[PDB]
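These notes are about the structure you will find just below.
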Amino acid sequence: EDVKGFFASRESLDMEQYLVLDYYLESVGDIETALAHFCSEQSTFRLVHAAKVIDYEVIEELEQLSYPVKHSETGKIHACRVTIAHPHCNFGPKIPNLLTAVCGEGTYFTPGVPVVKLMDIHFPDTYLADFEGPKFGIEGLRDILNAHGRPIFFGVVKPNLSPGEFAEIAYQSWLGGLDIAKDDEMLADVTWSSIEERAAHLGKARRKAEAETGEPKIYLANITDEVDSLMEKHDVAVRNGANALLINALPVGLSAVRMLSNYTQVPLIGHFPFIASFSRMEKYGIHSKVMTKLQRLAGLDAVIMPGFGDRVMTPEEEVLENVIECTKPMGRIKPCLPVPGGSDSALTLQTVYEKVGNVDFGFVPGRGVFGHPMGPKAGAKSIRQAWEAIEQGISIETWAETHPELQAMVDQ
Amino acid sequence: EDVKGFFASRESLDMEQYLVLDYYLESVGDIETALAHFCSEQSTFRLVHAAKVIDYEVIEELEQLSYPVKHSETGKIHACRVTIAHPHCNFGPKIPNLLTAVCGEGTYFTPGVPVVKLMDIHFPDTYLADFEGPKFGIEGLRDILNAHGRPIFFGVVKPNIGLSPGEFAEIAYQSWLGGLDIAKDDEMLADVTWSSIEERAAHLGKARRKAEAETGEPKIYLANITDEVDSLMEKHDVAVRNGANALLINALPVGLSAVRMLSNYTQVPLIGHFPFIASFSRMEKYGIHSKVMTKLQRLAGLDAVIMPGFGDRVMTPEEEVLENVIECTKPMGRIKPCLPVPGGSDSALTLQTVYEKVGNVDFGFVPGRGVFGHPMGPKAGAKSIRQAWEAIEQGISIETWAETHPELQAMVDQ
């Protein structure tokens, strides 16, 4: 009768053979018993195949679960933070198998553990050695744009229009200094706007804008589609002048992202639909930073994510942790570009740069580029003017005094 | 203000062009304003491309959101049930594009609507006409097993992980001799180094064909082929050439779109398991109802869907389990019904209850206890399941039947 077979010191294990997982959970009844059950349900106690508790913290006794969950369990309720060593031989370097083991039936259906949140995953170099990661990363993107020492400026072309109407809006934004003009993540391959039609027009406007400005520009085409169509969509879009591709990572699945990443001739950027369904509860589900880390592992060169601003429904601390997962060392896996999209404009650029602490982010003005009173071109110009005020250590308001496009933005 | 441009009568629309979505939500501020914003964030107003409110019911005023979400909005909080017509021309017959539209950025990040649960999807026949659905479904599985007028009996071969393919094979073989239909891989044991798909399948395939010869009855070896999307077809071909005659996939981990791809390729029934689904479906008032995922799995082409089942220790309410059961079996255009497999705290002793709750024999039964851990072994454990079924058919109680049936009596004893 042995709960203690699911407990090990980190020092006693060959940690190259284990992933390290961090969970929040609420247990019912004897704590160590619940934790062994949790370990057993996610694995087997085979010495080679059991997941093992390497540390835990009891936070507090609770009078009640945080969320009502049907359970027949009897006993004291405790909140716990738990660290588990999980042998990666059980699943291998395969994203669906990883998900199955660390957030699968054992994770959420262990008797006596009704409330669980997967908080972090740490991968040893041995495990990472079987993954490719981003082909391009931050520095591949910067090389394409010849954009050095500054944030990367994104524009979501509004509205969503015929390929030729879209095209002239995008063209103006690039002329005024935007790096990347993208499709909305809800705008892929449809009847009024096929990927073939859109990509031809946008590719022509992109190469024209590169010749008129003397600077590289990116057309970011959304190719979200059925898994069996993604390679063909890549080929149509690239042939026509898209030089970066957007994918909705969770709706297509992280394994599909990995396959497209191995194929792609151009940077891939991931958007965030679906993730909130399992990451919003503060004490249940999967931390959004785990997903950001997984998208990077799968090979996205940039990750669009919720950003800063009081109207964004993700805590600021959580945004900053997602930012770090994109940029931090991870074996030989390239860093990807964090693109925190909040209630942003020329007026919020300084705040975001200050919160991030470096220039390795993408900025997406939600308003005041395409909504700017002087047009899309002057809206893009106001963003570049605000960046230059920041480089000079001058206030936005002082800079605006001599730069009319930025002044119009301060006016609203 | 044209809040009212996002409101329509169902009768004013050509409903063949819309999906019908049911949401629970908690709005902040003016109700109809929050609803129009919700509609707009998920779509645009263009007469062709806007999602529109066709009905809503204000349930109550709340003092506080059900969960404490970070939000700036101020105002009266209301719980609402809302019915939205969403034009399917925006996304087409494409599972990832569907998910992006109805549970994506707009769904969860509309200002003034911090708490949302997607409760149901209804698809018109027009939209269903571009999907295949299950190739085999319930009747294709019954035809393979020649199992009619009874549930389909599953057994998860256990000890689950860390066994030899030859060790695995003997236990599965006894269980088929005992009367089990389907011997399955663990959902956490796919293609790994001490137990490759090629070695398991060869051994299990040989035992299945022997058990068919020994019993005179067809038997299924259900092989777990969960893997990276780009390997699934090759794993299908290895398992099938070795004697797996059905394949198990973890649907959400591989992605519903990859399931659709394998369902078009497959020569054998595909069965979906449920890992991951709970991370978004457990909150009573947030995320996606599990029945939506069951419906989507069916649409993607799974022939059977393993799901939480009945029993006090199962962390899914009974009413939710029964809703999932019906999503598998109900009319859905020309989409075949799939076999619901509600896996609970089950044994020979709980079979009558499940039959009673379901109300027909179109389910899979998965004992958790008393088959492989039956005092007399795996053959006697499978036998006790079949004896319990026979007692149900005669309208005799389990304990009366057990008097003359030793294998069943042991289970009554424990």
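Chain order of the listed sequences is B and A.
What the first sequence shows, in the authors' numbering, is residues 4 to 47, 59 to 174, 177 to 428, in sequence order.
What the second sequence shows, in the authors' numbering, is residues 4 to 47, 59 to 428, in sequence order.
We put the CB at the ideal spot given by N, CA and C, even for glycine.
Could you check whether residue j and residue i sit closer than 8 angstroms to each other, using their CB atoms as the reference points?
i, j, result
"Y279 of chain B", "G257 of chain B", "no"
"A265 of chain B", "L316 of chain B", "yes"
"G192 of chain B", "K393 of chain B", "yes"
"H303 of chain B", "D200 of chain B", "no"
"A396 of chain B", "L422 of chain B", "no"
"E35 of chain A", "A93 of chain A", "no"
"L203 of chain B", "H102 of chain B", "no"
"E212 of chain A", "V243 of chain A", "no"
"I152 of chain B", "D376 of chain B", "yes"
"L262 of chain B", "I291 of chain B", "no"
"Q366 of chain B", "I410 of chain B", "no"
"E19 of chain B", "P138 of chain B", "yes"
"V368 of chain A", "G169 of chain A", "no"
"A37 of chain B", "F9 of chain B", "no"
"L159 of chain A", "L353 of chain A", "no"
Using beta carbons (cut-off 8 angstroms, strictly below), is residue i in contact with chain B?
i, result
"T114 of chain A", "yes"
"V23 of chain A", "no"
"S15 of chain A", "no"
"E153 of chain A", "no"
"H92 of chain A", "no"
"residue 56 of chain A", "Inspection of chain A shows residue 47 followed directly by residue 59; residue 56 of chain A is thus not represented."
"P179 of chain A", "no"
"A314 of chain A", "no"
"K66 of chain A", "no"
"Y122 of chain A", "yes"
"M307 of chain A", "no"
"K108 of chain A", "yes"
Helix, strand or coil for residue i, going by three-state DSSP, please let me know.
i, result
"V62 of chain B", "coil"
"residue 56 of chain A", "Since the model of chain A passes from 47 to 59 in one step, residue 56 of chain A is not part of what is shown."
"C103 of chain B", "helix"
"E44 of chain A", "helix"
"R95 of chain A", "strand"
"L270 of chain A", "helix"
"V426 of chain B", "helix"
"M390 of chain A", "coil"
"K371 of chain A", "helix"
"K7 of chain B", "helix"
"residue 58 of chain B", "It's not possible to place residue 58 of chain B here, given that chain B moves directly from 47 to 59."
"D25 of chain A", "strand"
"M346 of chain B", "strand"
"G257 of chain A", "coil"
Just how far apart, CA to CA, sit residue i and residue j?
i, j, result
"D195 of chain A", "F167 of chain A", "5 angstroms"
"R274 of chain B", "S245 of chain A", "12 angstroms"
"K220 of chain B", "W208 of chain B", "19 angstroms"
"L61 of chain B", "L16 of chain B", "10 angstroms"
"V31 of chain A", "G323 of chain B", "21 angstroms"
"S293 of chain A", "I320 of chain B", "22 angstroms"
"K224 of chain A", "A183 of chain A", "11 angstroms"
"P389 of chain A", "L363 of chain A", "15 angstroms"
"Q281 of chain A", "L76 of chain B", "52 angstroms"
"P148 of chain A", "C117 of chain A", "24 angstroms"
"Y187 of chain B", "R222 of chain B", "7 angstroms"
"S271 of chain B", "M425 of chain B", "43 angstroms"
"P110 of chain B", "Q311 of chain B", "13 angstroms"
Quick one: does residue i have its CB under 8 angstroms from some CB of chain A?
i, result
"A161 of chain B", "no"
"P148 of chain B", "no"
"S12 of chain B", "no"
"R60 of chain B", "yes"
"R274 of chain B", "yes"
"residue 462 of chain B", "One cannot answer for residue 462 of chain B here, as it falls past the ends of chain B, which runs 4 to 428."
"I196 of chain B", "no"
"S30 of chain B", "no"
"residue 48 of chain B", "Looking at chain B, the numbering goes 47 and then 59, which leaves residue 48 of chain B without any coordinates in this model."
"residue 175 of chain B", "Missing from the coordinates: residue 175 of chain B, inside the break in chain B from 174 to 177."
"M247 of chain B", "no"
"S209 of chain B", "no"
Compute every distance between the C-beta of residue i and the non-hydrogen atoms of the ligand HEM, then say whether any falls below 7 angstroms.
i, result
"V319 of chain B", "Among the components modelled here there is no ligand, and therefore nothing to report on the ligand HEM."
Beta strand (DSSP E) runs wholly inside the segment 305-342 of chain B, at least 3 long, in chain order: 318-322
Secondary structure, alpha helix (DSSP H): runs of 4+ residues fully inside the segment 194-254 of chain B: 211-229
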